[PDB]
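One chain follows as structure tokens, the form deposited in one PDB entry.
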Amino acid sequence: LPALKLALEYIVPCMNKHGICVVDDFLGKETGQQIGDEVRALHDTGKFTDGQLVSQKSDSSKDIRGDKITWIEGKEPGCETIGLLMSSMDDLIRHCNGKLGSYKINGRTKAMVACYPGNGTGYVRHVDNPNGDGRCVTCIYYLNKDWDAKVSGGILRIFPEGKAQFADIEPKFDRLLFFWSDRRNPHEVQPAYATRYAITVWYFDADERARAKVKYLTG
């Protein structure tokens, strides 16, 4: 879909009013299935490792998040369609320049390709960026063609601050999701009983990310 209109007339107002925005049928069936094949190839060839946390304490990571992940830049062989997804994500964000709150978005993370391998795995309630690490927008693409959340679970439940309802996001095939990464949107991945895939990038606010980098580089 043309990025300019999608960004300015839907994503921007959705995000400013609600902090959450769902765009269904983002890339179409053919591209979505190609991304699925690339993700399944990453899985099959042993690329995924246990998802990690910002700060590590005495606890096992698997008591917090049960997924296995790899990071993708988009130019690797066999990841070209994931790269197209990332470019489309970036195109929307660039068309939102200066319209998403007061943020100045200048960069992002690599893509995290994540799998909850059924078996009841999930992610306890958490905030993506609680202490100012620079992340302002979480962007997730789901690619689960036959997912029936009523049986397989895996719903992303977001608890947007100040709202009278929470937001249940089924991990639907070809669904794109945006939400503010900060404390306004605590969220949990409810237990998954089938293999569940999602691809996330986090967009950085320039000033906050610069401060977080200064903190890291000074110890």
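Residues that one form lacks are left out of the comparison. The first residue of the sequence shown is number 1, and the count goes up from there. Between two forms, the rigid core is the largest collection of C-alphas that superpose within 1.5 Å.
> On mean Cα temperature factor in this entry, is 168 to 176 or 53 to 61 the higher one?
Mean C-alpha B-factor is greater for 53 to 61.
> Per the entry, where is the mean C-alpha temperature factor higher: 114 to 122 or 132 to 140?
Comparing 114 to 122 with 132 to 140, the higher average CA B-factor belongs to 114 to 122.
> From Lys163, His187, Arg183, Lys68, which pick has the Cα B-factor that tops the rest in the entry?
Of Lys163, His187, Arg183, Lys68, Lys163 has the highest C-alpha B-factor.
> Tell me which of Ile155, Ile158, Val151, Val39 tops the list for C-alpha B factor in the record.
Within the set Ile155, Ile158, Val151, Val39, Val151 shows the top C-alpha B-factor.
> Once the chain's modelled residues are ordered by C-alpha B factor and cut into thirds, is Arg211 in the lowest, middle or highest one?
Highest third, going by the recorded CA B-factors of the chain.
> Using only modelled residues of the chain, where does the Cα B factor of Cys96 rank: lowest third, middle third or highest third?
Highest third, going by the recorded CA B-factors of the chain.
> Relative to the other modelled residues in the chain, which third contains the C-alpha temperature factor of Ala3: lowest, middle or highest?
As the PDB entry reports it, the C-alpha B-factor of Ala3 lands in the middle third of its chain.
> Classify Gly107 as lowest, middle or highest third according to the C-alpha B-factor given in the PDB entry, relative to its own chain.
Its C-alpha B-factor, which the entry lists for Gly107, ranks in the lowest third among residues of this chain.
> What third of its chain's C-alpha B-factors does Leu84 belong to: lowest, middle or highest?
Middle third.
Keep in mind the form deposited in another entry is missing from the figure; the text below concerns it.
> So which residue among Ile155, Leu42, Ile158, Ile64 shifts its CA at least 2 Å between this form and the one not shown once the core is superposed?
Residue with a C-alpha shift of 2 Å or more: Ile64.
> Take the rigid core as the frame of reference and indicate whether the C-alpha of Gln190 shifts by 2 Å or more between this form and the one not shown.
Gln190: C-alpha displaced by less than 2 Å between this form and the one not shown.
> Check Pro130 against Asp63 at the C-alpha atoms and report closer or farther in the other entry, compared with the shown form; the change is 3 Å or more.
Compared with the shown chain, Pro130-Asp63 is farther in the other entry.
> So the CA-CA distance for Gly118 and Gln56 moves by at least 3 angstroms in the other entry. Closer or farther than here?
Closer is correct, given that in the other entry the C-alpha spacing of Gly118 to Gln56 is reduced by at least 3 Å.
> Tell me, which consecutive runs of three or more residues change place between this form and the one not shown by 2 Å or more at the CA, with the core overlaid?
50 to 66, 163 to 165, 213 to 215 are the stretches that shift between this form and the one not shown.
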